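Peer 1: Next up is a structure, given as structure tokens.
Number of protein chains: 2
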Amino acid sequence: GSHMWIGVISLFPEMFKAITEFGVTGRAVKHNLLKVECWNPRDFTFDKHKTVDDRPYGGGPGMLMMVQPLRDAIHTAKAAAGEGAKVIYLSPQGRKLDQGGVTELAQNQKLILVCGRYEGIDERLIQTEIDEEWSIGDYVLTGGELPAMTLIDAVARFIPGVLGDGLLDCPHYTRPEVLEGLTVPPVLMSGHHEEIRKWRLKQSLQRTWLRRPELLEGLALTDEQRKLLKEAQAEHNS
Amino acid sequence: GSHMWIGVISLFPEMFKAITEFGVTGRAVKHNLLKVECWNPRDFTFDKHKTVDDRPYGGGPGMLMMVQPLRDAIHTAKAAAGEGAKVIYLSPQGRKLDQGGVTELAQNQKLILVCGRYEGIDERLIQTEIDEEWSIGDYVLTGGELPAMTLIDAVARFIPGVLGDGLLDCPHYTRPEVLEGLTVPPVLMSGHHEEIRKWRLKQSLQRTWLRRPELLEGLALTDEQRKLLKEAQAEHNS
Ligand SMILES: Nc1nonc1C(=O)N1CCN(Cc2ccccn2)CC1
Ligand SMILES: Nc1nonc1C(=O)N1CCN(Cc2ccccn2)CC1
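Chains as they are written, first to last, in PDB author numbering: chain A, -2 to 161, 173 to 246; chain A', -2 to 161, 173 to 246. A prime marks a further copy of an entry chain.
So, in structure tokens, the structure goes:
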């Protein structure tokens, strides 16, 4: 349907088996809802030792990805993708990913994700080959592979067939009715669908307010949400 | 040395091969700097079909992880860990992970990471078994495995032997000297180490200011940084 094709450039393509062979994303791939295709810069090297890193001009302790194998891998992925593929570099210097950002990226039918290693890629490749730079969070990882897999997983949820409001989630409960002395809220046992809905929404508003108050600032709360939030705050203040 | 032990509770333990078998984290594991040990709730089931999900009280479209197999897996991981292990649940309702948070978690010698699937785990298990809840970002994934692997990768960088200031990174350049008409900044070719240092720091300040101005607010800039930032801003304003 709205199937998605994601090309990946990575020195460790076998890492992506974690999403292509298991769980929800694994099923998406099996059912041809998601296609993930990997190119390894190591395969585009020509020297005997298949060199994929290179020294930075200006010195320093680190290395960068070697330009020629990486550039050639990217070009190969672009040729396979055809027209309309957006090329993404994952790094801490990119636009911070959130769910709105995920929904934006998910509108793309084709993505190419470039996974950096070492101290990253040549700035001129970012200028000449990368459409958008994104970060999955303000922390530093050993490479772009986990970020790429995280992005793939998040956007995959928006492909129709893959799955079976700005607020944090409400608490959920399952069997048994009592667990180390802790009981399930009686409302959830009541069978009263409307009370249960309002209880869940109220809990969500309360948890967002207590844990992530700044998320509430970004919202235009509905009349019902304003009411339930006021109630939750009143109860919190006893 | 400051080796780290990380217990993992996951319905898809084979996903963690992406970090235990490859790259920097793979080497950490091989060199016994990092130990990652997985328990699968499916192995703690007793029914013929090894059931690991259960219906939420109060209804709704989703499922939760079944309490008994998950609880038993967690208890088993805690027994293996001995004393001092901090138990973490990964979810969008948790404390937002950043590099400071990574450095905090990395001070722990033992971690147990609980990977949720479905609509997550019973709220009472969070109360009774989880020490801390963390989020790797404000977006929704299909399960806690990629978040757990991301956390493991980030904290692993702080284990001594694993690897070979609040600002975004400077641009980096490697061979060739000219790439699609784009040249390497002459300062990086100059061999003047102090000019190169100041240029890199200035670029870092400029990029942070242009891309992530709010990160600058959280910093107490050094005298040198204040100067170079003013210069970068002056040049930006031509
Ligand atoms: N945070 C993140 N959100 O996406 N990716 C990351 C992330 O930490 N990494 C690890 C280091 N990389 C290689 C690198 C190093 C320095 C500059 C540019 N590239 C990028 C991928
Ligand atoms: N963002 C994140 N940072 O850490 N983990 C995530 C994340 O998206 N997920 C996927 C859904 N999970 C299962 C679940 C669903 C609802 C409530 C609680 N648990 C948690 C793991």
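Beta carbons: idealized from backbone N, C-alpha and C, even for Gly.
How about A':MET1 and A:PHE19: do their beta carbons lie closer than 8 Å?
Peer 2: Not closer than 8 Å, so no.
Peer 1: Is the separation between the beta-carbon of A':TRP131 and that of A':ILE71 shorter than 8 Å?
Peer 2: For A':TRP131 and A':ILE71, no; Cβs fall outside 8 Å.
Peer 1: Just to check, is the beta-carbon of A:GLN90 closer than 7 Å to a non-hydrogen atom of ligand 2?
Peer 2: Not so, every heavy atom of ligand 2 lies at least 7 Å from the Cβ.
Peer 1: If contacts are defined as beta-carbon pairs under 8 Å, then A':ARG39 and A':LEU8 qualify, I think. What distance do you get, rounded to the angstrom?
Peer 2: Contact holds; Cβ gap of about 6 Å.
Peer 1: For A':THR100 and A':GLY57, what's the separation of their Cα atoms in angstroms?
Peer 2: Their backbone Cα atoms lie some 38 Å apart in a straight line.
Peer 1: Tell me where the alpha helix (DSSP H) around A:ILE16 begins and ends.
Peer 2: Here the alpha helix (DSSP H) through A:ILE16 covers 14 to 17.
Peer 1: I'd like to check one pair, A:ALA240 with A:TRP217: are the Cβ atoms closer than 8 Å?
Peer 2: Cβ distance < 8 Å, so A:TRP217 and A:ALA240 count as in contact.
Peer 1: Between A:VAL137 and ligand 1, is the CB less than 7 Å from at least one heavy atom?
Peer 2: Because some heavy atom of ligand 1 lies under 7 Å away, the Cβ of A:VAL137 counts as near it: yes.
Peer 1: Determine the extent of the beta strand (DSSP E) in which A':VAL5 is found, giving its start and end residues.
Peer 2: 1 to 6 is the extent of the beta strand (DSSP E) around A':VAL5.
Peer 1: With a 10 Å radius around its C-beta and 16 neighbouring C-beta atoms as the bar for buried, classify A':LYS27 as buried or exposed.
Peer 2: Label assigned to A':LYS27: exposed.
Peer 1: Considering only their Cβ atoms, is the gap separating A':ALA103 from A':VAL159 smaller than 8 Å?
Peer 2: The answer is no: Cβ separation not under 8 Å.
Peer 1: Which bits of chain A does A':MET146 rub up against, with CB to CB less than 7 Å?
Peer 2: Those within 7 Å of A':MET146 in chain A are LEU143.
Peer 1: Is A':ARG205 near ligand 2, judged by its Cβ being under 7 Å from some heavy atom?
Peer 2: Result no, Cβ not under 7 Å from ligand 2.
Peer 1: If you drop the 5 nearest sequence neighbours on each side, which residues of the same chain put their C-beta closer than 6 Å to that of A:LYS93?
Peer 2: So the list reads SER132, once near-sequence residues are dropped.
Peer 1: So, helix, strand or coil for A:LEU30, using DSSP?
Peer 2: Correct three-state label for A:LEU30: coil.
Peer 1: Kindly examine ligand 2 and report whether one of its heavy atoms sits closer than 7 Å to the Cβ of A':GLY140.
Peer 2: Correct: A':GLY140 has its Cβ closer than 7 Å to ligand 2.
Peer 1: Cβ-heavy atom distance between A:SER132 and ligand 1 below 7 Å?
Peer 2: Within the cutoff, so yes.
Peer 1: Does any CB atom of chain A fall closer than 8 Å to the CB of A':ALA74?
Peer 2: No, A':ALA74 does not count as interfacial toward chain A.
Peer 1: Determine whether the beta carbon atoms of A:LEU176 and A:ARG220 lie at a separation below 8 Å.
Peer 2: Against a cut-off of 8 Å, the Cβ pair of A:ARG220 and A:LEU176 comes out as a contact.
Peer 1: Please classify A':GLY134: is it buried, with 16 or more other beta-carbons within 10 angstroms of its beta-carbon, or exposed?
Peer 2: Its Cβ being crowded by 16 or more others within 10 Å, A':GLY134 is buried.
Peer 1: Can you give me the Cβ contacts of A:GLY59 inside the same chain, cut-off strictly under 7 Å, excluding the 5 residues immediately before and after it?
Peer 2: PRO53, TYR115, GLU116.
Peer 1: Starting from the Cα of A':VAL49, find the closest Cα among A:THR230, A:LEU31, A:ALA78, A:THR182 and give me that residue.
Peer 2: The shortest C-alpha separation from A':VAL49 is found at A:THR182.
Peer 1: Terminal residues of the continuous alpha helix (DSSP H) containing A':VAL152?
Peer 2: Counting along the chain, the alpha helix (DSSP H) containing A':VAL152 begins and ends at 142 to 153.
Peer 1: With hydrogens ignored, establish whether the beta-carbon of A':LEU160 is closer than 7 Å to any heavy atom of ligand 3.
Peer 2: For the structure depicted, ligand 3 is absent and the ligand set comprises only ligand 1 and ligand 2.
Peer 1: Check the Cβ-Cβ distances between A:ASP173 and every residue of chain A', and say whether any is below 8 Å.
Peer 2: Closer than 8 Å: no.
Peer 1: What alpha helix (DSSP H) runs, 4 residues minimum, are completely inside the stretch 184 to 232 of chain A'?
Peer 2: The qualifying runs are 194 to 197, 201 to 219, 221 to 225.
Peer 1: Inspect the beta-carbon positions of A':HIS180 and A:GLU126 and report whether they are closer than 8 Å.
Peer 2: No, the Cβ-Cβ distance between A':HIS180 and A:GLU126 is not below 8 Å.
Peer 1: Output needed for A':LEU227: all residues of its chain with C-beta closer than 7 Å, excluding positions within five of it in sequence on either side, in chain order.
Peer 2: Hits under 7 Å: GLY174.
Peer 1: Residue 172 of chain A' touches chain A at which residues, Cβ-Cβ below 9 Å?
Peer 2: In the model shown, chain A' runs from 161 to 173 with nothing in between, leaving residue 172 of chain A' without coordinates.
Peer 1: Quick check: the Cα distance between A':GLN90 and A:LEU187, rounded to an integer number of angstroms?
Peer 2: Those two C-alpha atoms are separated by around 22 Å.
Peer 1: Would you mind telling me which residues of chain A sit closer than 9 Å to A':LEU196, beta carbon to beta carbon, in chain order?
Peer 2: Result: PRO53, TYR54, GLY55, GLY56.
Peer 1: As a quick exercise: from A':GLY161, A':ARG208, A':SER88, pick the residue whose alpha carbon is nearest that of A':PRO144.
Peer 2: Residue A':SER88 is the option with its Cα nearest to A':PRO144.
Peer 1: Go ahead and label A:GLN214 buried or exposed: buried means 16 or more other beta carbons lie within 10 angstroms of its beta carbon, across all protein chains shown.
Peer 2: Classification for A:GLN214: buried.
Peer 1: Contact criterion: CB-CB distance below 8 Å. Does A':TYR86 meet it with respect to chain A?
Peer 2: Not closer than 8 Å to any Cβ of chain A, the Cβ of A':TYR86 fails to qualify, so no.
Peer 1: Along chain A', in chain order, which residues have C-beta atoms closer than 9 Å to that of A:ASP177?
Peer 2: Correct list: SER88, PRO89, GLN90, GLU116, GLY117.
Peer 1: Mind checking which residues open and close the alpha helix (DSSP H) that includes A:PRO89?
Peer 2: Not the alpha helix (DSSP H): A:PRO89 falls in the beta strand (DSSP E), residues 83 to 93.
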